[PDB]
Amino acid sequence: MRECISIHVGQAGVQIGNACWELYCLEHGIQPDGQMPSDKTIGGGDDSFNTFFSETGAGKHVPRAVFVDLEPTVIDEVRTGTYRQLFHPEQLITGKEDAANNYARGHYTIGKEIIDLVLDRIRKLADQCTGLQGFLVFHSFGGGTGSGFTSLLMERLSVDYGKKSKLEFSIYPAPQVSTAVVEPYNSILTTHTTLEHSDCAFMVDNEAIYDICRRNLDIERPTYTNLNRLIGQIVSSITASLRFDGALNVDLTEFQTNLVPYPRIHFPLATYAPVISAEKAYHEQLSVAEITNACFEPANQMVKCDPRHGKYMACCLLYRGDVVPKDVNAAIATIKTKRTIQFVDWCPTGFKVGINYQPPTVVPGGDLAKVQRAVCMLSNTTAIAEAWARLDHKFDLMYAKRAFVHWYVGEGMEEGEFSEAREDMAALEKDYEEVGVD
Amino acid sequence: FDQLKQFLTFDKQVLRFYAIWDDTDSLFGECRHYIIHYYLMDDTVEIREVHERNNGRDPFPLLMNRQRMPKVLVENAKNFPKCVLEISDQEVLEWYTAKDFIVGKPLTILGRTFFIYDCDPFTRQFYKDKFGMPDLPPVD
Amino acid sequence: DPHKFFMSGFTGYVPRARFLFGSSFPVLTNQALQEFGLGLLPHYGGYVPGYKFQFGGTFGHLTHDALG
Amino acid sequence: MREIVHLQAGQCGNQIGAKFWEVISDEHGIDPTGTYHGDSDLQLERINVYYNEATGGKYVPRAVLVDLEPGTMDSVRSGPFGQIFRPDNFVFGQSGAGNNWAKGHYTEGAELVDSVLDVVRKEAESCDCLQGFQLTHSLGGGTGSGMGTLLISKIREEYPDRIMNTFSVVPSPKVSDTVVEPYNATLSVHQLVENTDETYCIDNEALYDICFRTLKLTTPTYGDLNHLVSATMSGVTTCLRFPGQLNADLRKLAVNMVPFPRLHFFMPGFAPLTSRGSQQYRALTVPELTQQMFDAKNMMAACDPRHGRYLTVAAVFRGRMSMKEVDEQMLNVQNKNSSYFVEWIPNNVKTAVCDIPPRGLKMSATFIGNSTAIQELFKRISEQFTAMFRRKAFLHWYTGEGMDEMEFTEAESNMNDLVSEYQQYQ
């Protein structure tokens, strides 16, 4: 009866969730119709769909998600596609006009209209959940309705519901590859105002997944579709300790006590161990003792960042499938004897382990192979400080000639907060070099 | 035996039986409905309780966790320290197989006698294809 | 079954013995191990059914039919 | 006739203590239905100690089962012997503790322990003569280490003069499975020195290595370590239920083994551990069980007992044995290595011989040690709490809940007390 709200705003997060919600219906028995099969039994206990789906007595199973976007064309293809008979037709909130890479077009001007139809579903969704535990938001930093509009939910949901952890998963802008011309601008605006209300905001990158899919999967010329089912498997391994059973169950209340040491050092990043194609995953032994070491590569990180320039602070190794807990324990002690994986002095423990009894799933027509085990580490490293070095220097050249500004100030937004959002992200960056001082 | 081959051949294939446990001979005994799952991937058995509305029981979904079920124990296994050790293949003479679950027969698991009265359409087809058994009629 | 009892004063366990009363410890313990294996009377203050339709005879000869 | 109350808090204590009843009911002849099928007539005559008999003969246990996260009491009722308990005895909320000490003893614990102590009282009245309390602590965090001392500091307010029997899994020198582990340890040993009369230490490191070189397992899961714990746990209370030749209850085991008031943390063991291979290549008697008992590799707590002495050692005995064999072979072991005991008291061995062996053997024993080496197990948490403290690491999930900071030095100052007391008398 432990529940989770899954809000998908922006245009990236409504598109990941097309590939995220096909996976929960796949883990359990629920058809894209929404009904359950008459003949085939998947094996499901009785309430393991209780976390993400609200079963109704008519037989249909109804999901807990809100898909709001102000530009209408991306939810209108979910309103017509394979997953029409799944959702609630009042969930899918349609706007009228763009947000158009503008922070102030989505956060203040057009955002003041659509917000009360957004919140009057969330405060209805909470009243049917009797064991509610937190939020799972899906947006993107480099835009105008996943950046401006995420901090219009976050500065109201924190006001109403108070202290409940909120776990937003955002595509970080990549170093070399970039699409919008103004994403150094609207990145800083959505982290000055959401670092005060976030509890752990995970980071995903487009450039890193474009390379580990090139080599491990050994696919080439990839798409956006082949990226969304690698982000759909992380979040279905985070939320597997609320629907399944196992030795160590790490549920959502203590992700702030395991991963957040100081109240503004909550920016962790995640990987996933056995990503092998179907021609090489049967040609070697994939056991516990090496997929816990393939997690600690430089080349297996979902964020383009060298982990080796900063020391780890707290990990979390959420295992899955056929794992006995002796094999984890001799394998973590392999890690701390290595003088490359540098842990740091005020945290002798560092590691935190969960095990479970359900193997990985595979989508039909998938890119991944059938594997018994799965590891999804989540690490709070200090190397992500110099992922914020570049994106302040990107801000520091365009603001240095007042460039690109007047599309922001025209749509109800003061110029006075550009200087103090970059005053802020110094004061965020000054903390990571302060905590590393032993 | 290639455990990975069995897993890959029978992944998500579960035989589902409908059973009653008639305990009415006990002082507070009730005739109760159960679902028996047999997992073809690993030859494990799970027993689920069927709760009716207003049955006066605590809503626990499982009578028995998913595990491999011994049918016959070795004579020396009477002294096996079950309080510290799990039953290994050395203490078990015969394991429960898919052949032992038959509609209209009593099935004795952990000292409880279940009467299997029906099976799902998939299980019915699987028994026809694997064992050549004629149609398994539901018992009222 | 002779010598199926317990002495008066045995601290220990005997089943079905919290649930039987009225006789001392050995007589109860034998029970606790075997279990482990014509007309009515005048001026009576009770009710004969049919006692609206009787006239003109004796309480003895009118309550005989109730027991026979 | 002399009953003991059992209490199950935390994750690690719920699961080991539910493996405790499948060893208890195995010795006495209860099938998982709950009715009685046993052969020997010596099981019945003292069945009342751990069990309550119910109308029909469904011998129901005497444990109380409290945890906040309800996912484990839906997971220990669903075991092989889970279906025997009292469903009135299950107490829970819905908000898990989250490995926080101030979610157990302070904030949510002000709700539920007012409804914990009146389910204890509903079975204290059905006991003829209570003498003790079992609790399965779990020191690895704040779900069974925080609110465990919320119960024993409330029970000890009620019953001043009764035995406390806590079996608590202890933190480990290896890499742990919780990052706030030195925080939550030192909070809960400030009160365990004031309300318990022993705290039988257990380490997951030693139980991965008893089963590595002696038993020689291949893949020891969590289902196998609990048999090692529950065998010692069921060996200490044998003189209460089974007839014996020197009978020793839990107060007989008290005045032997605590010299000064604050030296009661002990060390467990279990004698006849063999491989699956070399069982019939080995002959066991009293003088072979003694060498299997008195080595550092047969201790269930990850300390090396050759860096200290023993104040008092007791080894209960089960089976059909003589007692010149027992006593003279405890005289040799106090004589062959006499520099590993304390000179200021002459004798060091308490002997108790029962007349009933366990299932599947012909003789067994159980080793209980009170060493000075336990300060090494307390030196580490004294050493790795300080480095997590002076930078105020990981901290505001306590102080932001109901903690203070003035008791984070008033618990370390008592951690380093026990290191001083064990060492001073060495």
# chains A, B, ... in the order shown; residues from 1 in each chain; ligands from 1

call {"tool": "select_by_dssp", "arguments": {"residues": "segment 2-94 of chain B", "states": "alpha helix (DSSP H)", "output": "number ranges by chain"}}
result
B: 3-10

call {"tool": "write_last_selection", "arguments": {"atoms": "C-alpha atoms", "output": "mmCIF file, in the first residue's frame"}}
result
data_model
loop_
_atom_site.group_PDB
_atom_site.id
_atom_site.type_symbol
_atom_site.label_atom_id
_atom_site.label_comp_id
_atom_site.auth_asym_id
_atom_site.auth_seq_id
_atom_site.Cartn_x
_atom_site.Cartn_y
_atom_site.Cartn_z
ATOM 1 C CA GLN B 3 19.622 -24.699 -15.233
ATOM 2 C CA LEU B 4 19.926 -21.808 -17.744
ATOM 3 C CA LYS B 5 18.368 -23.996 -20.498
ATOM 4 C CA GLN B 6 15.397 -24.902 -18.218
ATOM 5 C CA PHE B 7 15.002 -21.202 -17.290
ATOM 6 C CA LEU B 8 15.115 -20.032 -20.959
ATOM 7 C CA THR B 9 12.687 -22.772 -22.170
ATOM 8 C CA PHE B 10 10.066 -22.260 -19.420
#

call {"tool": "interface_residues", "arguments": {"of": "chain A", "to": "chain D", "cutoff": "7 Å", "atoms": "only C-alpha atoms", "output": "PyMOL selection string"}}
result
chain A and resi 253-254+257-258+261-262+324-326+333+346-347+349-353

call {"tool": "closest_atom_pairs", "arguments": {"of": "chain D", "to": "chain B", "cutoff": "10 Å", "atoms": "only C-alpha atoms", "output": "CSV"}}
result
residue,atom,partner,partner_atom,distance
D:18,CA,B:83,CA,9.9
D:19,CA,B:83,CA,6.4
D:20,CA,B:83,CA,7.2
D:21,CA,B:83,CA,8.1
D:22,CA,B:83,CA,5.3
D:23,CA,B:83,CA,4.3
D:24,CA,B:83,CA,8.1
D:25,CA,B:83,CA,9.1
D:26,CA,B:83,CA,7.4
D:27,CA,B:83,CA,9.6
D:31,CA,B:111,CA,8.0
D:32,CA,B:110,CA,7.7
D:33,CA,B:111,CA,7.9
D:55,CA,B:27,CA,8.6
D:56,CA,B:27,CA,6.3
D:57,CA,B:27,CA,9.6
D:73,CA,B:60,CA,9.9
D:74,CA,B:60,CA,6.8
D:75,CA,B:65,CA,8.9
D:77,CA,B:60,CA,8.4
D:78,CA,B:64,CA,6.0
D:79,CA,B:65,CA,6.6
D:80,CA,B:64,CA,7.2
D:81,CA,B:64,CA,10.0
D:82,CA,B:63,CA,9.5
D:83,CA,B:63,CA,8.4
D:87,CA,B:58,CA,8.1
D:220,CA,B:85,CA,9.9
D:221,CA,B:86,CA,10.0
D:223,CA,B:86,CA,7.2
D:224,CA,B:85,CA,5.6
D:225,CA,B:84,CA,7.3
D:226,CA,B:84,CA,6.2
D:227,CA,B:84,CA,3.0
D:228,CA,B:84,CA,6.2
D:229,CA,B:84,CA,8.4
D:230,CA,B:84,CA,7.4
D:231,CA,B:84,CA,7.5
D:358,CA,B:81,CA,9.1
D:359,CA,B:79,CA,5.5
D:360,CA,B:79,CA,4.2
D:361,CA,B:79,CA,8.0

call {"tool": "write_last_selection", "arguments": {"atoms": "N, CA and C atoms", "output": "short mmCIF file (atom, residue, chain, number, x, y, z; two decimals), in the first residue's frame"}}
result
data_model
loop_
_atom_site.label_atom_id
_atom_site.label_comp_id
_atom_site.auth_asym_id
_atom_site.auth_seq_id
_atom_site.Cartn_x
_atom_site.Cartn_y
_atom_site.Cartn_z
N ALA D 18 12.66 -15.72 14.19
CA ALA D 18 11.69 -16.62 13.58
C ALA D 18 12.34 -17.90 13.10
N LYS D 19 13.66 -17.93 13.01
CA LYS D 19 14.39 -19.18 12.85
C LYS D 19 14.68 -19.81 14.21
N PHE D 20 14.37 -19.09 15.28
CA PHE D 20 14.50 -19.63 16.62
C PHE D 20 13.35 -20.58 16.95
N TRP D 21 12.15 -20.29 16.47
CA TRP D 21 11.01 -21.14 16.81
C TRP D 21 10.96 -22.40 15.98
N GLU D 22 11.63 -22.45 14.83
CA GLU D 22 11.65 -23.68 14.06
C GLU D 22 12.67 -24.67 14.59
N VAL D 23 13.55 -24.23 15.49
CA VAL D 23 14.44 -25.12 16.23
C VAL D 23 13.82 -25.51 17.56
N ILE D 24 13.08 -24.60 18.20
CA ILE D 24 12.38 -24.90 19.44
C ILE D 24 11.27 -25.92 19.21
N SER D 25 10.43 -25.68 18.20
CA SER D 25 9.33 -26.59 17.92
C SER D 25 9.80 -27.89 17.33
N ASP D 26 11.02 -27.94 16.82
CA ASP D 26 11.54 -29.19 16.29
C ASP D 26 11.91 -30.12 17.44
N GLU D 27 12.45 -29.56 18.53
CA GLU D 27 12.85 -30.37 19.67
C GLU D 27 11.66 -30.95 20.41
N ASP D 31 4.21 -29.81 14.67
CA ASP D 31 4.27 -29.63 13.23
C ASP D 31 3.79 -28.22 12.88
N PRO D 32 4.10 -27.71 11.67
CA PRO D 32 3.76 -26.30 11.37
C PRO D 32 2.28 -25.95 11.39
N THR D 33 1.38 -26.93 11.38
CA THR D 33 -0.02 -26.67 11.70
C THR D 33 -0.15 -26.06 13.10
N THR D 55 -7.16 -23.97 23.12
CA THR D 55 -8.31 -24.87 23.13
C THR D 55 -8.41 -25.63 21.81
N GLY D 56 -8.00 -26.89 21.83
CA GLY D 56 -7.79 -27.68 20.63
C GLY D 56 -6.41 -28.30 20.54
N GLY D 57 -5.43 -27.75 21.26
CA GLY D 57 -4.09 -28.26 21.22
C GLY D 57 -3.17 -27.59 20.23
N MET D 73 6.74 -8.52 8.58
CA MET D 73 5.74 -9.31 9.28
C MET D 73 4.67 -9.82 8.35
N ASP D 74 4.72 -9.41 7.10
CA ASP D 74 4.07 -10.14 6.03
C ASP D 74 5.02 -11.16 5.45
N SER D 75 6.28 -11.17 5.91
CA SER D 75 7.32 -12.04 5.39
C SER D 75 7.85 -13.06 6.38
N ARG D 77 5.42 -14.26 8.77
CA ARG D 77 4.23 -15.10 8.90
C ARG D 77 4.19 -16.10 7.76
N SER D 78 4.82 -15.78 6.64
CA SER D 78 4.79 -16.59 5.43
C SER D 78 5.96 -17.55 5.34
N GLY D 79 6.42 -18.09 6.47
CA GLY D 79 7.53 -19.01 6.46
C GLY D 79 7.08 -20.45 6.54
N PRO D 80 8.01 -21.35 6.88
CA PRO D 80 7.59 -22.73 7.12
C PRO D 80 6.85 -22.91 8.43
N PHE D 81 7.33 -22.29 9.52
CA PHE D 81 6.68 -22.36 10.82
C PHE D 81 6.07 -21.03 11.23
N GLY D 82 5.82 -20.13 10.28
CA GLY D 82 5.23 -18.86 10.62
C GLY D 82 3.82 -18.95 11.13
N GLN D 83 3.04 -19.90 10.62
CA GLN D 83 1.61 -19.97 10.90
C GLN D 83 1.28 -20.60 12.25
N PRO D 87 -2.07 -13.71 16.11
CA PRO D 87 -2.29 -12.56 15.23
C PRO D 87 -2.67 -11.30 15.99
N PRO D 220 27.08 -19.90 1.78
CA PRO D 220 26.25 -19.66 2.97
C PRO D 220 25.41 -18.39 2.85
N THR D 221 24.11 -18.57 2.71
CA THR D 221 23.16 -17.47 2.64
C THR D 221 22.80 -17.00 4.05
N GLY D 223 20.00 -17.79 5.40
CA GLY D 223 19.25 -18.85 6.03
C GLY D 223 20.07 -19.83 6.83
N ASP D 224 21.39 -19.80 6.69
CA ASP D 224 22.25 -20.76 7.36
C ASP D 224 22.94 -20.18 8.57
N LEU D 225 23.17 -18.87 8.58
CA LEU D 225 23.79 -18.20 9.73
C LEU D 225 22.87 -18.20 10.94
N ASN D 226 21.56 -18.25 10.71
CA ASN D 226 20.59 -18.16 11.78
C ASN D 226 20.47 -19.46 12.57
N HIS D 227 20.75 -20.60 11.94
CA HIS D 227 20.86 -21.86 12.68
C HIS D 227 22.00 -21.83 13.68
N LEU D 228 23.12 -21.20 13.32
CA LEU D 228 24.22 -21.05 14.26
C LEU D 228 23.83 -20.19 15.45
N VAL D 229 23.08 -19.12 15.20
CA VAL D 229 22.64 -18.26 16.29
C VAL D 229 21.59 -18.95 17.13
N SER D 230 20.62 -19.59 16.47
CA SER D 230 19.49 -20.16 17.21
C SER D 230 19.87 -21.42 17.97
N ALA D 231 20.99 -22.06 17.64
CA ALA D 231 21.40 -23.24 18.38
C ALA D 231 21.96 -22.87 19.75
N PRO D 358 20.60 -33.04 21.57
CA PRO D 358 19.72 -32.44 20.56
C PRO D 358 19.28 -33.43 19.49
N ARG D 359 18.57 -32.94 18.48
CA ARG D 359 18.17 -33.79 17.38
C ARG D 359 19.34 -34.00 16.43
N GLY D 360 19.63 -35.26 16.12
CA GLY D 360 20.65 -35.60 15.16
C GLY D 360 22.04 -35.78 15.72
N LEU D 361 22.21 -35.77 17.03
CA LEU D 361 23.52 -36.03 17.61
C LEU D 361 23.43 -37.06 18.71
#

call {"tool": "residues_around", "arguments": {"residues": "segment 37-51 of chain C", "least_positions_apart": "4", "cutoff": "9 Å", "atoms": "only C-alpha atoms", "output": "VMD selection string"}}
result
chain C and resid 33 59 to 68

call {"tool": "atom_distance", "arguments": {"atom1": "atom CA of residue 342 of chain D", "atom2": "atom CA of residue 321 of chain D"}}
result
28.8 Å

call {"tool": "interface_residues", "arguments": {"of": "chain A", "to": "chain B", "cutoff": "9 Å", "atoms": "only C-alpha atoms", "output": "PyMOL selection string"}}
result
chain A and resi 38-43+45-47+370

call {"tool": "interface_residues", "arguments": {"of": "chain D", "to": "chain C", "cutoff": "8 Å", "atoms": "only C-alpha atoms", "output": "ChimeraX atom specification"}}
result
/D:1,44-48,57

call {"tool": "residues_around", "arguments": {"residues": "residue 1 of chain C", "least_positions_apart": "5", "cutoff": "12 Å", "atoms": "only C-alpha atoms", "output": "CSV table (one decimal) with C-alpha atoms, in the first residue's frame"}}
result
chain,number,residue,atom,x,y,z
C,30,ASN,CA,-6.6,-39.9,34.1
C,31,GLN,CA,-9.3,-37.9,32.4
C,33,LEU,CA,-4.8,-38.4,29.2
C,34,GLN,CA,-7.8,-40.3,28.0

call {"tool": "select_by_dssp", "arguments": {"residues": "chain B", "states": "strand (DSSP E)", "output": "count of residues only"}}
result
50

call {"tool": "residues_around", "arguments": {"residues": "segment 243-258 of chain D", "least_positions_apart": "6", "cutoff": "7 Å", "atoms": "only C-alpha atoms", "output": "PyMOL selection string"}}
result
chain D and resi 264+312+352-355

call {"tool": "write_last_selection", "arguments": {"atoms": "N, CA and C atoms", "output": "PDB file, in the first residue's frame"}}
result
ATOM      1  N   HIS D 264      28.971  -7.424  31.590  1.00  0.00           N
ATOM      2  CA  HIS D 264      28.036  -8.496  31.282  1.00  0.00           C
ATOM      3  C   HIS D 264      27.895  -8.833  29.800  1.00  0.00           C
ATOM      4  N   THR D 312      34.855 -15.134  33.563  1.00  0.00           N
ATOM      5  CA  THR D 312      34.084 -16.328  33.887  1.00  0.00           C
ATOM      6  C   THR D 312      33.587 -16.984  32.610  1.00  0.00           C
ATOM      7  N   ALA D 352      27.364 -27.457  33.716  1.00  0.00           N
ATOM      8  CA  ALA D 352      25.982 -27.915  33.812  1.00  0.00           C
ATOM      9  C   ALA D 352      25.761 -29.020  32.796  1.00  0.00           C
ATOM     10  N   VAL D 353      25.350 -30.192  33.261  1.00  0.00           N
ATOM     11  CA  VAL D 353      25.196 -31.362  32.408  1.00  0.00           C
ATOM     12  C   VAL D 353      23.726 -31.740  32.382  1.00  0.00           C
ATOM     13  N   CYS D 354      23.137 -31.718  31.197  1.00  0.00           N
ATOM     14  CA  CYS D 354      21.765 -32.142  30.987  1.00  0.00           C
ATOM     15  C   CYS D 354      21.757 -33.592  30.527  1.00  0.00           C
ATOM     16  N   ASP D 355      20.560 -34.157  30.412  1.00  0.00           N
ATOM     17  CA  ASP D 355      20.413 -35.562  30.054  1.00  0.00           C
ATOM     18  C   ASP D 355      19.735 -35.767  28.712  1.00  0.00           C
TER      19      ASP D 355
END

call {"tool": "atom_distance", "arguments": {"atom1": "atom CA of residue 118 of chain A", "atom2": "atom CA of residue 136 of chain A"}}
result
15.2 Å

call {"tool": "atom_distance", "arguments": {"atom1": "atom CA of residue 393 of chain A", "atom2": "atom CA of residue 169 of chain A"}}
result
23.8 Å

call {"tool": "residues_around", "arguments": {"residues": "residue 131 of chain D", "least_positions_apart": "2", "cutoff": "12 Å", "atoms": "only C-alpha atoms", "output": "VMD selection string"}}
result
chain D and resid 1 to 6 49 to 50 124 127 to 129 133 to 134 159 to 165 237 240 249 to 252

call {"tool": "write_last_selection", "arguments": {"atoms": "N, CA, C and O atoms", "output": "short mmCIF file (atom, residue, chain, number, x, y, z; two decimals), in the first residue's frame"}}
result
data_model
loop_
_atom_site.label_atom_id
_atom_site.label_comp_id
_atom_site.auth_asym_id
_atom_site.auth_seq_id
_atom_site.Cartn_x
_atom_site.Cartn_y
_atom_site.Cartn_z
N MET D 1 6.45 -23.08 33.67
CA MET D 1 6.58 -23.17 35.12
C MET D 1 7.59 -22.11 35.52
O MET D 1 7.50 -21.51 36.59
N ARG D 2 8.55 -21.87 34.64
CA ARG D 2 9.46 -20.73 34.71
C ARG D 2 9.56 -20.15 33.30
O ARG D 2 10.49 -20.50 32.56
N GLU D 3 8.65 -19.27 32.94
CA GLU D 3 8.52 -18.87 31.55
C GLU D 3 9.36 -17.65 31.23
O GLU D 3 9.83 -16.93 32.12
N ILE D 4 9.59 -17.43 29.93
CA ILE D 4 10.41 -16.34 29.43
C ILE D 4 9.67 -15.69 28.27
O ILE D 4 9.20 -16.39 27.37
N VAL D 5 9.59 -14.35 28.27
CA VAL D 5 8.92 -13.59 27.22
C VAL D 5 9.91 -13.28 26.10
O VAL D 5 11.06 -12.90 26.37
N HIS D 6 9.48 -13.44 24.85
CA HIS D 6 10.29 -13.21 23.66
C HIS D 6 9.77 -12.00 22.90
O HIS D 6 8.56 -11.81 22.81
N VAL D 49 7.10 -23.57 29.01
CA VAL D 49 8.09 -22.51 29.22
C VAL D 49 8.06 -21.50 28.08
O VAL D 49 7.99 -20.28 28.30
N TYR D 50 8.06 -21.98 26.84
CA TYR D 50 8.01 -21.09 25.70
C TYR D 50 6.64 -21.00 25.05
O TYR D 50 6.40 -20.08 24.26
N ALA D 124 1.97 -11.81 30.21
CA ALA D 124 2.57 -11.91 31.53
C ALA D 124 1.59 -12.50 32.54
O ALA D 124 2.01 -13.18 33.48
N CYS D 127 1.28 -16.39 32.41
CA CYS D 127 2.43 -17.12 32.91
C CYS D 127 2.30 -17.31 34.41
O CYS D 127 1.98 -16.37 35.14
N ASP D 128 2.55 -18.54 34.87
CA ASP D 128 2.49 -18.84 36.30
C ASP D 128 3.61 -18.14 37.06
O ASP D 128 3.36 -17.45 38.05
N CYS D 129 4.85 -18.28 36.60
CA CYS D 129 6.01 -17.71 37.28
C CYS D 129 7.02 -17.28 36.23
O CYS D 129 7.83 -18.09 35.77
N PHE D 133 13.30 -12.27 30.13
CA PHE D 133 12.87 -11.61 28.91
C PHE D 133 13.88 -11.87 27.80
O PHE D 133 15.04 -11.52 27.95
N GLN D 134 13.42 -12.43 26.68
CA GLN D 134 14.23 -12.54 25.47
C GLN D 134 13.88 -11.36 24.57
O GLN D 134 12.71 -11.01 24.45
N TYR D 159 9.41 -4.16 35.85
CA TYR D 159 9.93 -5.33 36.57
C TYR D 159 11.37 -5.06 36.95
O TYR D 159 12.27 -5.17 36.10
N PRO D 160 11.66 -4.72 38.18
CA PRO D 160 13.04 -4.36 38.53
C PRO D 160 13.96 -5.56 38.70
O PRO D 160 15.18 -5.42 38.58
N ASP D 161 13.40 -6.73 38.97
CA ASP D 161 14.17 -7.85 39.50
C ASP D 161 14.10 -9.10 38.63
O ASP D 161 14.07 -10.21 39.17
N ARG D 162 14.08 -8.97 37.31
CA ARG D 162 13.97 -10.11 36.43
C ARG D 162 15.08 -10.09 35.38
O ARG D 162 15.66 -9.05 35.07
N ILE D 163 15.35 -11.27 34.84
CA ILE D 163 16.47 -11.52 33.93
C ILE D 163 16.19 -10.90 32.57
O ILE D 163 15.05 -10.89 32.10
N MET D 164 17.22 -10.34 31.95
CA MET D 164 17.13 -9.82 30.59
C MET D 164 18.06 -10.62 29.69
O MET D 164 19.22 -10.85 30.03
N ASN D 165 17.55 -11.06 28.54
CA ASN D 165 18.28 -12.00 27.68
C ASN D 165 18.23 -11.44 26.25
O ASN D 165 17.40 -11.88 25.45
N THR D 237 18.90 -22.24 27.52
CA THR D 237 17.69 -22.50 28.29
C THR D 237 17.31 -23.98 28.33
O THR D 237 16.13 -24.30 28.24
N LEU D 240 16.07 -25.42 32.12
CA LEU D 240 14.71 -25.02 32.45
C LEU D 240 13.66 -26.03 31.99
O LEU D 240 12.57 -26.05 32.55
N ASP D 249 19.69 -22.57 36.03
CA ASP D 249 18.80 -21.68 35.31
C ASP D 249 19.46 -20.32 35.07
O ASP D 249 20.67 -20.15 35.25
N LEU D 250 18.64 -19.34 34.68
CA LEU D 250 19.19 -18.07 34.22
C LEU D 250 19.63 -17.16 35.35
O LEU D 250 20.33 -16.18 35.08
N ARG D 251 19.26 -17.44 36.59
CA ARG D 251 19.89 -16.74 37.71
C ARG D 251 21.12 -17.49 38.22
O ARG D 251 22.05 -16.86 38.74
N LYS D 252 21.13 -18.82 38.10
CA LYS D 252 22.33 -19.61 38.34
C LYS D 252 23.45 -19.19 37.40
O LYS D 252 24.62 -19.14 37.79
#

call {"tool": "residues_around", "arguments": {"residues": "residue 26 of chain C", "least_positions_apart": "3", "cutoff": "12 Å", "atoms": "only C-alpha atoms", "output": "list in words"}}
result
residues 2, 3, 4, 5, 6, 7, 8, 9, 10, 14, 17, 22, 23, 29, 30, 31, 32 and 33 of chain C
